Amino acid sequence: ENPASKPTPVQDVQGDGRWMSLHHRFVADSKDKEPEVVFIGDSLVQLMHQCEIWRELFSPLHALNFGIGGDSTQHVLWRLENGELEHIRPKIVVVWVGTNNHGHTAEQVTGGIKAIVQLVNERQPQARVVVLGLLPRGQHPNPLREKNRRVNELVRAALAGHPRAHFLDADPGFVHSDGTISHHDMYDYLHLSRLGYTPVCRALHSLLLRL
């Protein structure tokens, strides 16, 4: 049994129900819009515009952003199965989750991603799926870097040869020769700054156009 692929919502433990409020908004703002590109994932997806912005390279594409900070694969899966994939017919779906799956192995997380892709291929068969590589994290070398890197390897393999799913490792090399990540690229060594996002969105844009 793989917990990374078992659909489940995030439980409210603070009291303001923000997670469900986002989900419901994503469900509602879609039954009134017809996007060509839909983004879904964790904070890395949610905060994507905290660099340049989201129009000089993404808005012309009529896109929707369904990223929620803190989500793991099983969370994105639940949302996709519970309304976020309805009322719309995008040409491309961008997935970016996995770094938050603490406690799950690279293999489990990889399975989580494969289930997400499969779900999108069944509900939105006309779209092409783009999976972004998990980015390195932490100021210095640490277990999470290895784990994330391993996930990309496994996902790249499972996606290479896939008829309508593409893996894109948009990491320009945030980890330097001394094994460190600069707070200029990642202010908290996890989230991307404005200049950190540039290389990511750049590579993402070059692929979106190719498709």
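Residue numbers run from 1 along the displayed sequence.
Going by the mean C-alpha B-factor recorded in the entry, which is higher: 197-205 or 184-192?
Per the PDB record, 197-205.
Between 56-64 and 175-183, which has the larger average Cα B-factor in the PDB entry?
Between 56-64 and 175-183, it is 56-64.
Using the entry's values, work out which of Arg137, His75, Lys114, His87 has the largest Cα B factor.
Max CA B-factor in the entry, restricted to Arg137, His75, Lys114, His87: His87.
Quiz for you: based on the deposited Cα B-factor, which of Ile40, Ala165, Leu144, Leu154 is highest?
Largest recorded C-alpha B-factor: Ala165.
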